[PDB]
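1. Coordinates for the following, if possible.
(chains A, B, C and D, ligands or ions: 7)
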Protein chains: 4
Amino acid sequence: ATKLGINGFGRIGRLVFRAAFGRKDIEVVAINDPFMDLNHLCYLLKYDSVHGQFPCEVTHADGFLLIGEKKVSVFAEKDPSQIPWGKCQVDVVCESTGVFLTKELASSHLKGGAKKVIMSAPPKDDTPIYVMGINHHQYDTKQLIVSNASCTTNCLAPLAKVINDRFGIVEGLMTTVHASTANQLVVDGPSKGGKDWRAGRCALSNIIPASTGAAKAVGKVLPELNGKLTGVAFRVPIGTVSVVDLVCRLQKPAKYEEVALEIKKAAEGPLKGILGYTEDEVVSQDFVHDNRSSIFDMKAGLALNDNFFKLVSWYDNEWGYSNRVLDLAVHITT
Amino acid sequence: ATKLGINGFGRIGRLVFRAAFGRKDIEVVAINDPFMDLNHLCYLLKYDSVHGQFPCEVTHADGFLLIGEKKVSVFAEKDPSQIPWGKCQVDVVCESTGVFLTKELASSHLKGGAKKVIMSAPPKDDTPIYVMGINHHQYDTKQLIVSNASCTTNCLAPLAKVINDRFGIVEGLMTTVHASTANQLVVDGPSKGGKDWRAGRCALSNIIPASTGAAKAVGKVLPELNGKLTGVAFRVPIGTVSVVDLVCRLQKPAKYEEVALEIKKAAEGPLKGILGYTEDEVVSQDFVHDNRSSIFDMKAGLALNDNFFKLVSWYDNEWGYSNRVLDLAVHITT
Amino acid sequence: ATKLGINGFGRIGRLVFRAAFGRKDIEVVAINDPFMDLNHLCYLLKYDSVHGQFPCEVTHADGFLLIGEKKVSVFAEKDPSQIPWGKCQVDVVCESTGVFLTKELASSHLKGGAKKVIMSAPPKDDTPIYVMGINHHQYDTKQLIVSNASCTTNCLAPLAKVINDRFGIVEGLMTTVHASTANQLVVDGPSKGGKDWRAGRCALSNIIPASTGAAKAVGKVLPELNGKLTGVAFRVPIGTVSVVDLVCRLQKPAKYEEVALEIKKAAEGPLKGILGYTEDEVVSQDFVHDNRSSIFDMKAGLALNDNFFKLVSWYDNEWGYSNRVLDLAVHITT
Amino acid sequence: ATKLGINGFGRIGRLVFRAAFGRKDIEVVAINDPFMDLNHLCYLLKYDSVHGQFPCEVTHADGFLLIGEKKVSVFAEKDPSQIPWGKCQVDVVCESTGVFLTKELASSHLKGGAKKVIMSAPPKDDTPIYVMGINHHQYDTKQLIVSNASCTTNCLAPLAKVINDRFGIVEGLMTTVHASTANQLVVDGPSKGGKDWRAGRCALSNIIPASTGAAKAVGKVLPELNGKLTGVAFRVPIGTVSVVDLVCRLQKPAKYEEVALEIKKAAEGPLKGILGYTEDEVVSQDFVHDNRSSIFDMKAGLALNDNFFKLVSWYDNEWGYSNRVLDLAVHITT
Ligand SMILES: NC(=O)c1ccc[n+]([C@@H]2O[C@H](COP(=O)([O-])OP(=O)(O)OC[C@H]3O[C@@H](n4cnc5c(N)ncnc54)[C@H](O)[C@@H]3O)[C@@H](O)[C@H]2O)c1
Ligand SMILES: NC(=O)c1ccc[n+]([C@@H]2O[C@H](COP(=O)([O-])OP(=O)(O)OC[C@H]3O[C@@H](n4cnc5c(N)ncnc54)[C@H](O)[C@@H]3O)[C@@H](O)[C@H]2O)c1
Ligand SMILES: NC(=O)c1ccc[n+]([C@@H]2O[C@H](COP(=O)([O-])OP(=O)(O)OC[C@H]3O[C@@H](n4cnc5c(N)ncnc54)[C@H](O)[C@@H]3O)[C@@H](O)[C@H]2O)c1
Ligand SMILES: NC(=O)c1ccc[n+]([C@@H]2O[C@H](COP(=O)([O-])OP(=O)(O)OC[C@H]3O[C@@H](n4cnc5c(N)ncnc54)[C@H](O)[C@@H]3O)[C@@H](O)[C@H]2O)c1
Ligand SMILES: NCCc1ccc(S(=O)(=O)F)cc1
Ligand SMILES: NCCc1ccc(S(=O)(=O)F)cc1
Ligand SMILES: NCCc1ccc(S(=O)(=O)F)cc1
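-> Residues are numbered from 1 along each chain as shown, chains lettered A, B, ... in the order given. Ligands and ions are numbered 1, 2, ... in the order given. Please see the structure below:
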């Protein structure tokens, strides 16, 4: 029974909390978020504009978060080293604030008594990235701090692994059309720290170009593809669910139907739960609260010729990802 | 002539700048905003998601904001006391930060050398409030710090005035359906300071109830209506333009056509430039970049009977209000 | 047991089908829609942008629609007289096309062999209107064609009944902020048959004023309130969930706490499942797939004085109403 | 001086009309649209949710559209053979209904007396396609019926020309993130003809994959690139402005800065007015009402290697394309 701590009770923190509620092998025992009192915290957990209300009565008494019989400890500590994780026997800390993305910074959780840490984002430094279904078995129990990569990487890696393993990816460029994120502004304004100016432009009415190392990070989890992938993003006014568009060149030539079939037997076989497959005329809203990392859209993508393909895959960037964080938490503890 | 300073180069500050650019009787000489480098500030001014690109060249050299052939000074102080308005010879400071809405806080501009201050919002204390066309002539030149009220008050007040003058308002309740503002969040999160929980809810997908004092404020600029008006607001995913629905009970009976005509003659007579009138089948976007405070929508409202009415008026909550801040700045100086 | 047929398999058509799947006491045996082949119809039922995927597998075979051990006849006829409801043994026809809203038009369904008809919209003629919880017990089998009113009326009528019963309503005016509907247009264009020009304006970026008879229709189902209520609507870019904002004057004086408690009594007793009550800081998304006609929002509204109040109520215009249609269909058959 | 006729007074029809209002070299003398009364037609011309109010008074009298003082003839015909283009001395008809896209259909205008015709969309047959700046000089006056291609082709073709001219495109795949169009639905519903189910899915809340021939169409205007380019689209809830994202292999190797410099040089010289260049951190709203066909975004793209590039270009799909129709009209008349 993995004891999880959550630092940053935001989109991912709260949805990680929610996904653990249906998991026996993992339970959340402690939360930290200094920008939110207990009464406020309970409101944000109870109500969700995207994923609906919490499937359970959410109360607080005596400074605890009550989910029926379960009392969850709540802290409000800006300094992550002052969070008494070890007091609640926390096995793993889900680091979902977005501002401690370095081994030096994340390791402050260790000084508070947490055994291990997962960054809910790619690292700013050289912290081991792990993607469930792709390279998680290579994790070593003495690695105390790891990254679970981005939502976009969790989407592109399974697709790329399948395409590469069978046909061999020569080179690829990715576009992701990404749902709205908390680093964006409701109206034109200054981006946090004066970096990524476009992100501070009005979210409601703009297609917004964005940099992303998610495609390039696939080379970290799948070394074979080091130097063979990169990409960009475009932000759009969408609540959740994003889509990857991979234009790739392959070694062994194929028909699009053969590419689709290979992806289908991975989805039905060794990548069940991580990689999905569909042939339906789906749109983004059809993947809200889907827990897969990548759902391949057969009819959306296409082939220019025997070696040049456009491959389309969907992902609920909040929910798919939040599940993987649990999957990783359990794995690195067990 | 009038030399304007702007504290907070946000939605209002940048549009106060833009409007002042089109005027001869007033010029902006200084700007303060510590969350904005000079490069960033130029970019935010150059491009606008709502009101299009600034209609002039926007460059910078020597730490000065250049607008064609005019230097504007730029400061980056968090403490209004530390901004050297006096050297720039500022007559009025436009206090458009949202965080210095009392006489104690706003007076540090006067310490910095500025002659007078206009709060671009309702005050949190008993600072004098003025709405152009309603009570601005009652301005006393001894008053160095004033409020230009809210945008919603500037829309409602001219409507209530004309209606009250001719028919007498017994009592009124108001709803404003309001466009998106910078206090809102793109995704569900905790609102600043843990106040106004609903406003932290996803802006893109929700109708969000909001408290507003704008209808109570009409009682301050029109004392006769003190205690007779209040209301609420609903935030909606709209870039700009909001709408007031005033349900009022009148002492003197009238037909809807008589009420409409009275507003038409005010709009074309004494309140021209402040209050507008239309009988066209208009929608919110039709009032983007409309500089009027209030635009009565004749066909949108109706009457239940000879003393019970719903009166509908539009306002560009950004642009209309921004022009008023200039009108008031000129008035309190001249 | 109750055999329902549906005409117009749109937002209301499909969600009635959906609610009915959760119900044993009512079953959908037939469907008609001429703009929608059986393959296309299955796609539109399996996937919903607002309410999520259909709660079970959806296929078709031999011209029927399979939902487990169930088979639903599907027709594609523009003329309602040519749909064989009779051969399906249909008790009630859900008339949700939008275009057969008079007895003379709707009686075409009776010529097809159906026993009774519920118009899923307010009628354009003197057709009897019923609102569940308000006047439905006044129905008698005699009348073969009825109306379930509008979503808005199903929201307002319970609120108004309770307030009128306890305090007495003198006069009332209502604004509804309404979610988007299928009569609206994506880009500016001509409204259907030149009616309601405003509805033809871009739905994504506009607050759109609109007429409604929904408040005036309360006086049919509640004769007492005839001549005492009317109102208007503002359409906005929201998928589903709408809010009613009722300004009313009461005969007996009252504090807002007394008003709230009365609504809370009704919602917990006689109007359980029709009228709801909340004290939370809710936004529109919190009511998606909420099956109640009316959810009173205590903290959203307020009183100006002892006799003048603003009362705020939410409704899922799609789902709440779709369940009311089923309640009515059962009642007129039982 | 060139006299223009408009069949179909919709987004493209009305924006072509507006685009002509300013210009001296072309003039609209007659309009035809049967699904629109004159008064309604004046309403739709006067008000625009994207491009603001018509910059001139619009009225009608005696069945003439009056702009300022100028009388424009208005018709309501389903057979263009009956529209008196000849009487109005029309040099070119802008065919912008979307349903006369063959020689057989389009040639009814010629019997009506229109000297030439431009389809405001890709043809359903082998009608000669033209794109200004690209292959327009290969037009000869014997061709009376032509096509201005799509907005997407007009964005891509300029970018494809420059890159192919200097570096040689081996293969290319394109994504366009595209603004909402008239064929979309506000809420989930059946797309017309039963064609393209995804396009009937809710436009406000979805990323919607779409087919596009616009990348394959670049082979017709540039025979050298035939069979080398294809692509897909994603529709998103945006009022106007779209972006092309072209991934391609080049024959001759290059750095991104060299490629970017080559585009800049074409934008400043031979492709000025048609192709644009920027290194600013733009968002879609910055190109609303931009009359260029393609604006290259330098910072939004990147290179994987010396031969494999992602090139990004913006376009106001409404305004740029509309001005290109007029350009083509003037060209085919002179
Ligand atoms: N939302 C997504 O689409 C998504 C997907 C994958 C990864 N991520 C990553 O997960 C991280 C969180 O993203 P989010 O979308 O949940 O953002 P969010 O803004 O919703 O959550 C961040 C939370 O952390 C809290 N916080 C800030 N500083 C803190 C500190 N000092 N101590 C404790 N709490 C603090 C904030 O109050 C906030 O609630 C980011 O790094 C993001 O890149 C997000
Ligand atoms: N936006 C509207 O429709 C509207 C209408 C009328 C009035 N107002 C009022 O105007 C005020 C500003 O609102 P806005 O919409 O421009 O918000 P905004 O966020 O766009 O502007 C606030 C600006 O102030 C700056 N700022 C914050 N703290 C500062 C400080 N310490 N010193 C200097 N600058 C600081 C920020 O960087 C930001 O640029 C608010 O009080 C608001 O209620 C808004
Ligand atoms: N959507 C709401 O919020 C809501 C709420 C309450 C009541 N209603 C009412 O219900 C009715 C339907 O509304 P909707 O939202 O489902 O609209 P909708 O457009 O989604 O559904 C209408 C359906 O009827 C079909 N149709 C058209 N002509 C037909 C005919 N000749 N025969 C059979 N089918 C035909 C269309 O193909 C379409 O699928 C309307 O009258 C509306 O006012 C809607
Ligand atoms: N707006 C864009 O993003 C865009 C860009 C490039 C090309 N196009 C193309 O332009 C064409 C027009 O598209 P739109 O966006 O203007 O759509 P729209 O719906 O806004 O305009 C179509 C107009 O034609 C009228 N019409 C329909 N049938 C008619 C008939 N038979 N006779 C006369 N008028 C008729 C309608 O009343 C309507 O006003 C389409 O073929 C489209 O593919 C659109
Ligand atoms: N509080 C905002 C934290 C945050 C939230 C989301 C992101 S991202 O996943 O969009 F890059 C980044 C940072
Ligand atoms: N930076 C946030 C400042 C702010 C504060 C309040 C508003 S309001 O107009 O919604 F009251 C707008 C902007
Ligand atoms: N397909 C159009 C059917 C329709 C859909 C919605 C409405 S209304 O509820 O907005 F009045 C009316 C008619």
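2. can you list the residues of the stretch 101-250 of chain A near ligand 7?
-> Residues of the stretch 101-250 of chain A that fall close to ligand 7, judged by C-beta under 6 Å from any ligand atom: none. C-beta here means a position set from N, CA and C on the backbone, and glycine is covered the same way.
3. ok, which stretches of the stretch 101-250 of chain A are strands?
-> A:116-119, A:145-147, A:169-178, A:208-211, A:229-235, A:242-250 (DSSP state E, counting those that start in this stretch).
4. Using TSV, lay out these together with distance to ligand 1.
-> Below are the strands of the stretch 101-250 of chain A laid out as TSV (distance: least, C-beta to the nearest ligand atom, whole Å):
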stretch	distance to ligand 1
strand A:116-119	8
strand A:145-147	10
strand A:169-178	8
strand A:208-211	12
strand A:229-235	11
strand A:242-250	7
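5. Reformat these as CSV; add mean neighbour count.
-> Formatted as CSV, the strands of the stretch 101-250 of chain A follow (neighbours: other C-beta atoms under 10 Å in any protein chain shown):
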stretch, mean neighbour count
strand A:116-119, 26
strand A:145-147, 25
strand A:169-178, 24
strand A:208-211, 20
strand A:229-235, 24
strand A:242-250, 26
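6. Save those as a markdown table, and put in distance to residue B:39 too.
-> Conversion of the strands of the stretch 101-250 of chain A to a markdown table gives the following (distance: least, C-beta to C-beta, whole Å):
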| stretch | distance to residue B:39 |
| --- | --- |
| strand A:116-119 | 31 |
| strand A:145-147 | 32 |
| strand A:169-178 | 26 |
| strand A:208-211 | 18 |
| strand A:229-235 | 22 |
| strand A:242-250 | 30 |
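7. Nearest approach to ligand 2 belongs to which of these?
-> Ligand 2 sits nearest to strand A:208-211 of all the strands of the stretch 101-250 of chain A, at 17.6 Å, using C-beta to the nearest ligand atom.
8. quick one, which of the strands of the stretch 101-250 of chain A is nearest to residue B:65?
-> Evaluated with C-beta to C-beta, those place strand A:208-211 nearest to residue B:65, the distance being 25.1 Å.
9. who touches the closest one?
-> By C-beta atoms under 8 Å, 6 or more residues apart in numbering or on different chains, the surrounding residues in contact with strand A:208-211 are A:178, A:184, A:196, A:198-199, A:201, A:232-236, D:243, D:281-284, D:297, D:299-300, D:312.
10. In ChimeraX, how would I select just the buried ones from the residues you listed?
-> Listed next is the ChimeraX selection for buried residues among those, using 16 or more other C-beta atoms under 10 Å in any protein chain shown:
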select /A:178,184,198,199,201,232,233,234,235,236 /D:243,281,282,283,284,297,299,300,312
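11. Among the contacts of strand A:208-211, which ones are in helices?
-> Among those, none falls in helices (DSSP state H).
12. what's the spacing between residue A:296 and residue D:129?
-> 34 Å (C-beta to C-beta, to the nearest Å).
13. The two: which has the busier surroundings?
-> residue A:296 (27 against 21; other C-beta atoms under 10 Å in any protein chain shown).
14. Enumerate every residue touching the more buried one.
-> Going by C-beta under 8 Å, 6+ apart, residue A:296 touches A:159, A:260, A:263, A:264, A:267, A:275, A:276, A:277, A:278, A:311, A:312, A:313.
15. Residue A:119 against residue A:99, yeah?
-> No - using C-beta atoms under 8 Å, residue A:119 is not in contact with residue A:99; the gap is 10.7 Å.
16. Any buried residues in stretch A:67-75, and which?
-> With the criterion 16+ other C-beta under 10 Å, stretch A:67-75 contains buried residues A:67, A:72, A:73, A:74, A:75.
17. starting at the chain centroid, how far to that stretch?
-> 25 Å (C-alpha atoms, centre = their mean, to the nearest Å).
18. And the contacts of it?
-> A:21, A:27-32, A:38, A:41, A:56-58, A:60, A:63-66, A:83-84, A:88.
19. and that stretch, does that touch ligand 1?
-> No - Stretch A:67-75 lies out of reach of ligand 1 by C-beta under 6 Å from any ligand atom, never closer than 8.5 Å.
20. What of stretch A:92-110?
-> Yes - Stretch A:92-110 reaches ligand 1 (C-beta under 6 Å from any ligand atom) through A:96, A:97, A:98, A:99.
21. secondary structure class for the last one?
-> Using DSSP: H, G, I helix; E, B strand; the rest coil, the secondary structure recorded for residue A:99 is coil.
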